[PDB]
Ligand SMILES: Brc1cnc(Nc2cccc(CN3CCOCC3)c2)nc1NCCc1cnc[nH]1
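The chain below stands alone and is given in structure tokens; this is the form deposited without the ligand.
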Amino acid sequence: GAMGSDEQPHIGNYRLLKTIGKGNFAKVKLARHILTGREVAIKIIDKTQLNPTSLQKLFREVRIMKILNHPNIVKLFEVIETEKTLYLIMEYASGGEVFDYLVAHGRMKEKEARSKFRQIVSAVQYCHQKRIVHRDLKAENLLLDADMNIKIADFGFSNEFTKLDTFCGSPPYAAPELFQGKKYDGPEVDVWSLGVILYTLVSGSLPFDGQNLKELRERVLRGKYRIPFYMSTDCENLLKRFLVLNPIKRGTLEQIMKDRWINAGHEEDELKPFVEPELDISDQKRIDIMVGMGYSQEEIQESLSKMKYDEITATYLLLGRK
């Protein structure tokens, strides 16, 4: 309700700073957590505009979001739900989109590229192991935070909840089996997209481009791409593992993590499937601070163990980093 003399609007314990994404059934605002100081990105979804089927799908998606806990996937911090609106307090990536960065600053050096691709392959692999496939990757799915770390956004989140824009991003990342008419589900598809993502990181360009769809299709179906003169032969070899026309001949991410290029300069640190560490819900330094914010220990233990995504849990998580 109005909070502070002459300040910005608030939802829940969050100060709303500025709209940083508009479009369709959803807005996104930058916000600051009053209790804690952290900045967050808050999804605002108009429930009003949604039918009961959408509504139910949305909630199950929000449930998936809760399960995703990876250093490179944007984390969910809190759900505030009103009568007309749904507020998803997400982790904030100020860096922008990866591909945008690439256009602005040119290609990445293979070392820089490797560091990011490791994170991307780790993140997308973690999602596959949980049987979450996206099958629709666009530039808009890969973000950078203020620390130039990869944050994957909206993975497993359907497009209804992010307007006539649905097909802008997809074709350059779509796998050839879409244009052939063979089945277009399965992690195989995502793998195709990841190879494309690799290419843009090290070349600063799309491996398959086109002035129109006809032209993009032609190239994608044919699967041929410049190996720019600067591209190390190991990088060329990695690409061969991702961009194979026949989907069953593509490498799984689990195998690909063993590749010579992905592991270069990481002798003792071979990339592996990510093992989710048990969330410590007993950090007493953190609990004491919240006691100080006027929350009872009884109530903290409860929201934490229950793992409800309310203001208590959020504060804890945000206290943080994260």
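One-based numbering along the sequence shown. Heads up, when I say rigid core I mean the largest set of C-alphas that superpose within 1.5 Å between the two forms.
What comes next is about the form deposited with the ligand bound, which does not appear here.
**Q** Select, from the options 227-235, 187-195, 87-95, 113-121, the stretch whose residues sit within 4.5 angstroms of the ligand in the bound PDB entry by heavy atom distance.
**A** Only one stretch qualifies here: 87-95.
**Q** Within 4.5 Å of the ligand in the bound PDB entry, heavy atoms considered, which of 178, 206, 74, 108?
**A** Selected residue: 74.
**Q** Of 202, 174, 143, 127, which one comes within 4.5 Å of the ligand in the bound PDB entry, counting heavy atoms only?
**A** So the residue touching the ligand in the bound PDB entry, by this definition, is 143.
**Q** Quick one: is residue 41 in contact with the ligand in the bound PDB entry, heavy atoms, 4.5 Å cut-off?
**A** Output for residue 41 is yes: heavy atoms within 4.5 Å of the ligand.
**Q** My question is simply whether residue 28 lines the interface with the ligand in the bound PDB entry - judged by any non-hydrogen atom within 4.5 Å.
**A** Within the cut-off, so yes.
**Q** Determine whether any heavy atom of residue 18 comes within 4.5 Å of a heavy atom of the ligand in the bound PDB entry, and answer yes or no.
**A** Yes, residue 18 lies within 4.5 Å of the ligand in the bound PDB entry.
**Q** If you fit the rigid core between the shown form and the other one, which of 217, 118, 151, 75 ends up with a C-alpha shift of 2 Å or more?
**A** After core superposition, the one over threshold is 217.
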